[PDB]
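The number in the deposited numbering is simply the position in the sequence shown, starting from 1, with 6 added.
Note that beta-carbon positions come from the ideal geometry of N, C-alpha and C, so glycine has one too.
This report refers to the structure that appears directly beneath it.
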Amino acid sequence: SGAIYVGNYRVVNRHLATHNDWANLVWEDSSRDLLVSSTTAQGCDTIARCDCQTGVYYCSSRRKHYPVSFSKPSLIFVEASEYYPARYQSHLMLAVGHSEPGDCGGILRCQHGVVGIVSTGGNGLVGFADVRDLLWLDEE
Ligand SMILES: NC(=O)[C@H]1CCCN(C(=O)NCC2CC2)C1
Ligand SMILES: [Zn+2]
């Protein structure tokens, strides 16, 4: 579990969104596994606006932050799970690292701010849903 709190927005994995998230919906995209809802309180996270390929992510199943090298956001095939059929997930970045069910929502960050959140795992790979292209998170 986990979310990004930027401005008056809450960014979560779409597959983990709550009823309150759907009832206060700003934007959602199943192909990216992202959903954004509105918040009453202002958050403290800031979004990175860059093309970094190195950063640090939080792994809840290890209680540890790990430094990683990650691929550029792209269209990647993700196997069938209990949340989605086998499909191409867009804006996904992969790295070598531990990720098991429960780790979605952990933040990946670089020197510029939050880059994205954990969205996939297994086989010694961790995948992150990028948010750096969502420029509207910084305003309104
Ligand atoms: N983005 C996806 O299609 C996910 C949905 C949850 C299931 N899935 C995973 O890779 N889970 C393993 C660890 C928790 C990350 C694919
Ligand atoms: Zn950066």
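How about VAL84 and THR126: are their beta carbons less than 7 Å apart?
-> Taking 7 Å as the Cβ cut-off, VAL84 and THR126 qualify as a contacting pair.
Please go through the same chain and pick out, in chain order, the residues whose beta-carbon is closer than 7 Å to the beta-carbon of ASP39, but skip the five residues on each side of it.
-> So the list reads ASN19, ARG20, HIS21, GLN95, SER125, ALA135, once near-sequence residues are dropped.
Report whether the distance from the Cβ of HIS97 to the nearest heavy atom of ligand 2 is below 6 Å.
-> Of the heavy atoms belonging to ligand 2, none sits nearer than 6 Å to the Cβ of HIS97.
Please report how far the alpha carbon of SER7 lies from the alpha carbon of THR45, in whole angstroms.
-> If you draw a straight line from the Cα of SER7 to the Cα of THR45, it comes to about 18 Å.
Thinking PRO79 and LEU98 are a contact (beta carbons under 8 Å), I'd like their distance in whole angstroms, please.
-> The Cβ separation is near 7 Å, so the contact holds.
Member of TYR64, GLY130, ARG115 whose CA lies at the smallest distance from the CA of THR52 | For the residues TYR64, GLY130, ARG115, the minimum Cα distance to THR52 belongs to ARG115.
Limits of the unbroken beta strand (DSSP E) element including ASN26 = For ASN26, no beta strand (DSSP E) run applies; the uninterrupted alpha helix (DSSP H) run containing it begins and ends at 25-29, by DSSP.
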